[PDB]
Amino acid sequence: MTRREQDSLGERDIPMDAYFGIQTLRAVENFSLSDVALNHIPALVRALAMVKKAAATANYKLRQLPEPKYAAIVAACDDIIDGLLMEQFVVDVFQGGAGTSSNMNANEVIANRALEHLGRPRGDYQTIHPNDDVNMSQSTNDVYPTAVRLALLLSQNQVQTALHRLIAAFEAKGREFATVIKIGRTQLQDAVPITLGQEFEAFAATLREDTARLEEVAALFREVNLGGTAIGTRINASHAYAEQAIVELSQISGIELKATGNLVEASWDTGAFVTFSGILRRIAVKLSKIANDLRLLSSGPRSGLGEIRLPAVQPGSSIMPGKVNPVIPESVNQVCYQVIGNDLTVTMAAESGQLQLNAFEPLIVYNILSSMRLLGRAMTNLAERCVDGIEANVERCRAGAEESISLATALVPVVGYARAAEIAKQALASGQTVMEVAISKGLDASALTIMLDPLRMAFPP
């Protein structure tokens, strides 16, 4: 069964129980590109609903929207915000129209769910109207970007939790491996001694910078253009409505929002999206570097560095034991490369704004929510399926530190530069340790245990 609806282009038959309407139906036909629909990015659906609740409350309080229609609309928004009706948001994320299809998907679905609450039938738009009532005082160009900013704010906690979790895992391994002496490597050449613990604490340290800079950057989104309507001149939406709507949207979302400084600027500026993507791009670059180290430090088992052992999560051959593919970090690098790619997409999109509008905010929101979700899962998997279970190869780390030619420097104040250089040269020609060569020159072994102690070199005063 179907019902019959009408827009400024004509009539169509919508399936009887669909909560979306004619406008959404056309957009499903117009933008069939990715098979990724609005409900694949639920945070934006929840956000549109909160913005639509805020406006309805504001209109009601200013006596522009009748009580029964406010009650019905609010109850409908509440349903969507608590995650009902998600399957009704069917529009492709790659939609044209600068956000209009998302706005209309929300307008129609809220309208019809509102009607259900009033005991009227779907499609009875004379009672609750998708444009006249649910979109009162509003514009795609202020509702959509406001919800976009809201959705990024709402999905902030998933990436913060993930960072904290990865931080906590590196800290623990930094503590566990505190006295595990090894050789540091610069340009991939053996340099001077360091512990495995300082090295893991430094992975921890780098990500502590990230959670701070991300928080700082997210705060730019608290600035909203709600009330500027179409191009920032705020025509058709009163000052009092804008004031009230923002106060309401703060209450609903639990986030203190404010009006942006210049709404004509805010109508078109995507600069904040570039900045936010940049910090996701930074996390991915840094994160990728960590994943690379864990791949390098565990290379082997016999003909690599073999200094750490990652947990074997992948099945192997009984006749090929010891082969441990660094499979979680690999999965992490792929997330990072993708995050970097998506970041360029945001850049091209941001760059292509014209006059009073950027038309490509839907592509932007899709890439940022994607990068955020992917990065959260990569970091969570890295922490629990890999980092938590890493083991030090204690003897083989020590071997590297003990084999360092750099230890010969500690002999200068005892035998003179010329002769310490000789030992250095000899140790390298013959392949023995500085310790072994030093012994042959009649220097005492228990004295050398002190002089050439690598843990002493790694830990400054």
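Just count from 1 along the sequence shown to find any residue number.
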item: Residue stretch of maximal mean CA temperature factor, 185-193 vs 128-136; value: 128-136
item: Mean temperature factor over C-alpha atoms, higher-scoring stretch between 321-329 and 283-291; value: 321-329
item: Highest-ranked of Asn39, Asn30, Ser34, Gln432 once sorted by CA temperature factor in the record; value: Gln432
item: Which of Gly83, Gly271, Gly96, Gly306 ranks first by CA B-factor in the deposited coordinates; value: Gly83
item: Lowest, middle or highest third - CA B-factor, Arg149; value: lowest
item: Third assignment of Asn157 from its chain's C-alpha B-factors; value: highest
item: Assigned third (lowest, middle, highest) for the C-alpha B factor of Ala55; value: middle
item: Cα B factor band for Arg46 (lowest, middle or highest third within the chain); value: lowest
item: Record-listed C-alpha B factor of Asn367: chain third; value: lowest
